[PDB]
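Printed here is target00.cif (mmCIF, N, CA and C atoms):
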data_protein
#
loop_
_atom_site.label_atom_id
_atom_site.label_comp_id
_atom_site.auth_asym_id
_atom_site.auth_seq_id
_atom_site.Cartn_x
_atom_site.Cartn_y
_atom_site.Cartn_z
N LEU A 3 -34.21 44.98 32.21
CA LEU A 3 -34.98 43.78 32.48
C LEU A 3 -34.15 42.55 32.21
N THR A 4 -32.93 42.53 32.75
CA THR A 4 -32.07 41.37 32.58
C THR A 4 -32.64 40.16 33.31
N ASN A 5 -33.00 40.34 34.58
CA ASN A 5 -33.45 39.22 35.40
C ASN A 5 -34.71 38.58 34.84
N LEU A 6 -35.61 39.38 34.29
CA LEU A 6 -36.91 38.87 33.86
C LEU A 6 -36.85 38.09 32.56
N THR A 7 -35.67 37.91 31.98
CA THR A 7 -35.45 36.95 30.90
C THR A 7 -34.22 36.14 31.27
N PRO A 8 -34.35 35.22 32.22
CA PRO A 8 -33.18 34.46 32.66
C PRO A 8 -32.68 33.56 31.55
N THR A 9 -31.38 33.27 31.60
CA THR A 9 -30.78 32.44 30.57
C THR A 9 -31.39 31.04 30.56
N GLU A 10 -31.86 30.56 31.71
CA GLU A 10 -32.48 29.25 31.79
C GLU A 10 -33.73 29.15 30.92
N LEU A 11 -34.30 30.27 30.50
CA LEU A 11 -35.57 30.28 29.79
C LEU A 11 -35.48 30.92 28.41
N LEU A 12 -34.29 31.22 27.93
CA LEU A 12 -34.10 31.83 26.62
C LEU A 12 -33.51 30.78 25.70
N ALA A 13 -34.38 30.04 25.03
CA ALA A 13 -33.96 29.03 24.06
C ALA A 13 -33.98 29.67 22.68
N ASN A 14 -32.82 30.11 22.22
CA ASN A 14 -32.74 30.78 20.93
C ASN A 14 -32.76 29.76 19.80
N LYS A 15 -33.46 30.12 18.73
CA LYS A 15 -33.63 29.23 17.59
C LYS A 15 -32.30 29.12 16.86
N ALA A 16 -31.61 28.00 17.04
CA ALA A 16 -30.33 27.79 16.39
C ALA A 16 -30.52 27.59 14.89
N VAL A 17 -29.46 27.87 14.14
CA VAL A 17 -29.48 27.64 12.70
C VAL A 17 -29.22 26.16 12.44
N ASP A 18 -30.03 25.57 11.57
CA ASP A 18 -29.99 24.13 11.34
C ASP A 18 -28.76 23.80 10.51
N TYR A 19 -27.61 23.84 11.17
CA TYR A 19 -26.36 23.54 10.49
C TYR A 19 -25.43 22.83 11.45
N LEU A 20 -24.89 21.70 11.01
CA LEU A 20 -23.85 20.99 11.73
C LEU A 20 -22.57 21.07 10.92
N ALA A 21 -21.49 21.49 11.57
CA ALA A 21 -20.18 21.59 10.91
C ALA A 21 -19.55 20.21 10.83
N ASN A 22 -20.20 19.34 10.05
CA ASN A 22 -19.72 17.98 9.85
C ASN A 22 -18.90 17.91 8.57
N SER A 23 -17.71 18.49 8.64
CA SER A 23 -16.73 18.39 7.57
C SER A 23 -15.52 17.69 8.16
N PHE A 24 -15.36 16.42 7.82
CA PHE A 24 -14.20 15.64 8.20
C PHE A 24 -13.68 14.95 6.96
N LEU A 25 -12.41 14.56 7.01
CA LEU A 25 -11.78 13.95 5.86
C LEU A 25 -12.56 12.72 5.43
N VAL A 26 -13.22 12.81 4.28
CA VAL A 26 -13.98 11.69 3.74
C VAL A 26 -13.45 11.21 2.40
N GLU A 27 -12.59 11.97 1.74
CA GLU A 27 -11.95 11.48 0.53
C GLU A 27 -11.29 10.14 0.80
N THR A 28 -11.72 9.13 0.06
CA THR A 28 -11.13 7.80 0.12
C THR A 28 -10.87 7.31 -1.29
N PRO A 29 -10.13 8.07 -2.10
CA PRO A 29 -9.91 7.65 -3.48
C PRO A 29 -9.16 6.34 -3.57
N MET A 30 -8.27 6.06 -2.61
CA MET A 30 -7.68 4.73 -2.54
C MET A 30 -8.76 3.68 -2.44
N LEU A 31 -9.73 3.88 -1.55
CA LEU A 31 -10.94 3.07 -1.59
C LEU A 31 -11.71 3.35 -2.87
N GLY A 32 -11.75 4.61 -3.29
CA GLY A 32 -12.54 5.03 -4.43
C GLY A 32 -12.28 4.23 -5.69
N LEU A 33 -11.07 4.34 -6.21
CA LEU A 33 -10.58 3.32 -7.11
C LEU A 33 -10.55 1.99 -6.37
N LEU A 34 -10.84 0.91 -7.08
CA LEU A 34 -11.05 -0.41 -6.48
C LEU A 34 -12.14 -0.39 -5.41
N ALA A 35 -13.23 0.33 -5.68
CA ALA A 35 -14.44 0.24 -4.88
C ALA A 35 -15.61 -0.38 -5.62
N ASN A 36 -15.83 0.01 -6.87
CA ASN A 36 -16.88 -0.64 -7.63
C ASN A 36 -16.51 -2.05 -8.04
N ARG A 37 -15.24 -2.43 -7.92
CA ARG A 37 -14.79 -3.78 -8.21
C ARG A 37 -14.53 -4.58 -6.94
N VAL A 38 -15.26 -4.28 -5.87
CA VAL A 38 -15.27 -5.16 -4.71
C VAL A 38 -16.02 -6.42 -5.07
N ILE A 39 -15.45 -7.57 -4.72
CA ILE A 39 -16.08 -8.86 -4.97
C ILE A 39 -16.58 -9.40 -3.65
N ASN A 40 -17.87 -9.68 -3.58
CA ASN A 40 -18.50 -10.23 -2.39
C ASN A 40 -18.57 -11.74 -2.57
N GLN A 41 -17.58 -12.44 -2.03
CA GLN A 41 -17.59 -13.89 -2.05
C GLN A 41 -18.61 -14.44 -1.07
N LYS A 42 -19.01 -15.68 -1.31
CA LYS A 42 -19.69 -16.47 -0.31
C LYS A 42 -18.75 -17.42 0.40
N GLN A 43 -17.45 -17.32 0.12
CA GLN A 43 -16.45 -18.15 0.77
C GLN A 43 -15.38 -17.27 1.38
N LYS A 44 -14.87 -17.67 2.54
CA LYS A 44 -13.97 -16.81 3.30
C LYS A 44 -12.63 -16.65 2.62
N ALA A 45 -12.14 -17.68 1.95
CA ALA A 45 -10.78 -17.67 1.42
C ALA A 45 -10.75 -17.13 0.00
N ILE A 46 -9.60 -16.56 -0.35
CA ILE A 46 -9.34 -15.96 -1.65
C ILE A 46 -8.18 -16.74 -2.23
N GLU A 47 -8.45 -17.59 -3.21
CA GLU A 47 -7.44 -18.48 -3.74
C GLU A 47 -7.15 -18.11 -5.18
N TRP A 48 -5.87 -18.13 -5.54
CA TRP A 48 -5.48 -17.90 -6.92
C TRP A 48 -4.08 -18.43 -7.11
N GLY A 49 -3.66 -18.51 -8.36
CA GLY A 49 -2.36 -19.05 -8.70
C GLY A 49 -1.38 -17.95 -9.02
N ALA A 50 -0.10 -18.24 -8.82
CA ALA A 50 0.95 -17.27 -9.08
C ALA A 50 2.12 -18.00 -9.70
N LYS A 51 2.37 -17.77 -10.98
CA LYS A 51 3.53 -18.37 -11.62
C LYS A 51 4.76 -17.67 -11.08
N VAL A 52 5.39 -18.28 -10.09
CA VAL A 52 6.49 -17.63 -9.42
C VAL A 52 7.75 -17.65 -10.27
N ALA A 53 7.99 -18.74 -11.00
CA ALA A 53 9.18 -18.82 -11.82
C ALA A 53 8.80 -19.25 -13.23
N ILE B 106 -7.81 -23.44 -10.77
CA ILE B 106 -7.68 -22.37 -11.74
C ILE B 106 -7.41 -22.98 -13.11
N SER B 107 -7.75 -22.22 -14.15
CA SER B 107 -7.62 -22.72 -15.51
C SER B 107 -6.17 -22.94 -15.91
N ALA B 108 -5.23 -22.29 -15.24
CA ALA B 108 -3.82 -22.47 -15.57
C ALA B 108 -3.22 -23.70 -14.91
N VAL B 109 -3.97 -24.40 -14.08
CA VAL B 109 -3.52 -25.66 -13.51
C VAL B 109 -4.25 -26.85 -14.12
N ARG B 110 -5.46 -26.66 -14.64
CA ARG B 110 -6.16 -27.75 -15.30
C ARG B 110 -5.41 -28.27 -16.52
N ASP B 111 -4.48 -27.51 -17.07
CA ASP B 111 -3.61 -27.99 -18.14
C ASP B 111 -2.17 -27.66 -17.77
N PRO B 112 -1.55 -28.47 -16.93
CA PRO B 112 -0.12 -28.27 -16.66
C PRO B 112 0.71 -28.40 -17.91
N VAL B 113 0.30 -29.25 -18.84
CA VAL B 113 0.98 -29.30 -20.13
C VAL B 113 0.78 -28.00 -20.88
N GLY B 114 -0.46 -27.53 -20.98
CA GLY B 114 -0.71 -26.28 -21.67
C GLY B 114 -0.03 -25.10 -21.00
N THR B 115 -0.05 -25.07 -19.67
CA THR B 115 0.60 -24.00 -18.94
C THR B 115 2.11 -24.05 -19.11
N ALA B 116 2.70 -25.25 -19.08
CA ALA B 116 4.13 -25.36 -19.31
C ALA B 116 4.49 -25.00 -20.74
N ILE B 117 3.61 -25.29 -21.69
CA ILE B 117 3.83 -24.88 -23.07
C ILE B 117 3.82 -23.37 -23.18
N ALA B 118 2.84 -22.72 -22.56
CA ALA B 118 2.78 -21.27 -22.60
C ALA B 118 3.98 -20.65 -21.90
N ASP B 119 4.38 -21.21 -20.76
CA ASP B 119 5.55 -20.72 -20.05
C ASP B 119 6.80 -20.87 -20.89
N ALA B 120 6.96 -22.03 -21.53
CA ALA B 120 8.12 -22.25 -22.37
C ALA B 120 8.11 -21.34 -23.58
N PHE B 121 6.93 -21.08 -24.15
CA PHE B 121 6.85 -20.15 -25.27
C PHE B 121 7.23 -18.75 -24.85
N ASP B 122 6.75 -18.30 -23.69
CA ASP B 122 7.09 -16.97 -23.22
C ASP B 122 8.58 -16.85 -22.95
N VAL B 123 9.14 -17.77 -22.16
CA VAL B 123 10.56 -17.72 -21.86
C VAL B 123 11.40 -17.97 -23.09
N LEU B 124 10.87 -18.69 -24.08
CA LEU B 124 11.61 -18.97 -25.30
C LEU B 124 11.66 -17.74 -26.19
N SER B 125 10.54 -17.04 -26.32
CA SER B 125 10.55 -15.76 -27.01
C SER B 125 11.48 -14.78 -26.32
N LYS B 126 11.45 -14.76 -24.99
CA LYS B 126 12.30 -13.82 -24.26
C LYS B 126 13.77 -14.17 -24.40
N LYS B 127 14.11 -15.46 -24.38
CA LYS B 127 15.49 -15.85 -24.59
C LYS B 127 15.93 -15.55 -26.01
N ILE B 128 15.05 -15.77 -26.98
CA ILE B 128 15.36 -15.45 -28.36
C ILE B 128 15.67 -13.96 -28.50
N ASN B 129 14.85 -13.12 -27.88
CA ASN B 129 15.13 -11.69 -27.91
C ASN B 129 16.46 -11.39 -27.24
N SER B 130 16.73 -12.02 -26.10
CA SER B 130 17.99 -11.78 -25.41
C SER B 130 19.18 -12.20 -26.25
N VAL B 131 19.10 -13.39 -26.86
CA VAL B 131 20.27 -13.91 -27.56
C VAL B 131 20.51 -13.12 -28.84
N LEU B 132 19.44 -12.66 -29.49
CA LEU B 132 19.57 -11.92 -30.74
C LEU B 132 20.33 -10.61 -30.57
N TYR B 133 20.71 -10.27 -29.34
CA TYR B 133 21.47 -9.06 -29.07
C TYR B 133 22.96 -9.33 -28.92
N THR B 134 23.33 -10.17 -27.96
CA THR B 134 24.73 -10.46 -27.67
C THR B 134 24.90 -11.97 -27.74
N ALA B 135 25.19 -12.48 -28.93
CA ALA B 135 25.40 -13.90 -29.14
C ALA B 135 26.63 -14.07 -30.01
N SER B 136 27.74 -14.48 -29.41
CA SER B 136 29.01 -14.54 -30.12
C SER B 136 28.99 -15.54 -31.27
N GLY B 137 27.93 -16.33 -31.40
CA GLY B 137 27.83 -17.31 -32.46
C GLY B 137 28.24 -18.70 -32.05
N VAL B 138 28.99 -18.85 -30.97
CA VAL B 138 29.30 -20.18 -30.47
C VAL B 138 28.02 -20.81 -29.92
N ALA B 139 27.97 -22.13 -29.94
CA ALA B 139 26.81 -22.88 -29.44
C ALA B 139 27.19 -23.46 -28.09
N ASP B 140 26.80 -22.77 -27.01
CA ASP B 140 27.10 -23.25 -25.67
C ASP B 140 25.97 -22.96 -24.68
N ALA B 141 24.72 -22.98 -25.15
CA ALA B 141 23.53 -22.84 -24.31
C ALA B 141 23.36 -21.45 -23.73
N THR B 142 24.35 -20.57 -23.91
CA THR B 142 24.19 -19.17 -23.54
C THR B 142 23.86 -18.34 -24.77
N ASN B 143 24.74 -18.39 -25.76
CA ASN B 143 24.41 -18.08 -27.14
C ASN B 143 24.25 -19.39 -27.89
N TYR B 144 23.26 -19.44 -28.77
CA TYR B 144 22.75 -20.69 -29.30
C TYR B 144 23.15 -20.89 -30.75
N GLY B 145 24.38 -20.53 -31.08
CA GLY B 145 24.81 -20.46 -32.45
C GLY B 145 24.32 -19.24 -33.18
N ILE B 146 23.42 -18.47 -32.58
CA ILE B 146 22.97 -17.23 -33.16
C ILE B 146 24.10 -16.22 -33.09
N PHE B 147 24.12 -15.29 -34.04
CA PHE B 147 25.17 -14.28 -34.07
C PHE B 147 24.72 -12.93 -33.56
N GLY B 148 23.43 -12.71 -33.39
CA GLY B 148 22.97 -11.52 -32.71
C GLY B 148 23.42 -10.25 -33.41
N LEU B 149 23.89 -9.30 -32.62
CA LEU B 149 24.31 -8.02 -33.17
C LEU B 149 25.71 -7.68 -32.72
N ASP B 150 26.11 -8.16 -31.55
CA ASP B 150 27.47 -7.92 -31.09
C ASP B 150 28.48 -8.91 -31.65
N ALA B 151 28.02 -9.96 -32.32
CA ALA B 151 28.90 -10.75 -33.17
C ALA B 151 28.68 -10.48 -34.64
N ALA B 152 27.49 -10.03 -35.02
CA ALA B 152 27.26 -9.63 -36.40
C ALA B 152 28.04 -8.37 -36.69
N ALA B 153 27.70 -7.28 -36.01
CA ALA B 153 28.38 -6.02 -36.26
C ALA B 153 29.69 -5.92 -35.50
N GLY B 154 29.79 -6.56 -34.35
CA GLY B 154 30.92 -6.38 -33.46
C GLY B 154 30.51 -5.68 -32.18
N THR B 155 31.47 -5.62 -31.27
CA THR B 155 31.21 -5.05 -29.95
C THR B 155 31.63 -3.59 -29.88
N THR B 156 32.91 -3.32 -30.13
CA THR B 156 33.51 -2.02 -29.90
C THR B 156 33.84 -1.37 -31.24
N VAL B 157 34.51 -0.22 -31.18
CA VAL B 157 35.02 0.38 -32.41
C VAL B 157 36.11 -0.49 -33.00
#

For the structure just supplied, provide its representation as structure tokens.
Amino acid sequence: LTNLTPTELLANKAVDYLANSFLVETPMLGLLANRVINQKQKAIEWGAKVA
Amino acid sequence: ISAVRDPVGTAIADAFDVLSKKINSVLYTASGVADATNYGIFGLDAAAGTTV
């Protein structure tokens, strides 16, 4: 009875799993992430004793 | 910045830092002559000497 269950009509219950494993480690971001400063001004000004 | 609101204070701190650092430098190799490189200090290479 192959024909009487055509593939167009056999919707098999997939397993609720997405293989969403991509590189997400961002320790460079990780460190210096909780110390992000949200300015209300666009520029970042500071002094540097060059000599 | 707070380090510019007192250019006198900042220059004092800078001079103190560089002065401590020069003092440390001279206290090592200072032949004892006073010529702005060694400051009459005798250090260790004029106190003890340089070589055998």

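Counting only C-alpha atoms, every residue of chain B that comes within 10 Å of chain A is listed here: residues 106, 107, 108, 109, 115 and 119 of chain B.
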
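Counting from CA of residue 132 in chain B, the distance to atom C of residue 113 in chain B is 26.6 Å.
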
Query - Straight-line distance linking CA of residue 33 in chain A with atom N of residue 45 in chain A, stated in Å to one decimal - result: 22.9 Å

Could you work out an axis-aligned bounding box for all listed atoms of range 113-132 of chain B, with 4 Å added on each of the six sides, and give its centre and edge lengths in Å to one decimal, as lines of an AutoDock Vina configuration file?
center_x = 9.9
center_y = -20.0
center_z = -24.8
size_x = 29.2
size_y = 26.7
size_z = 19.9
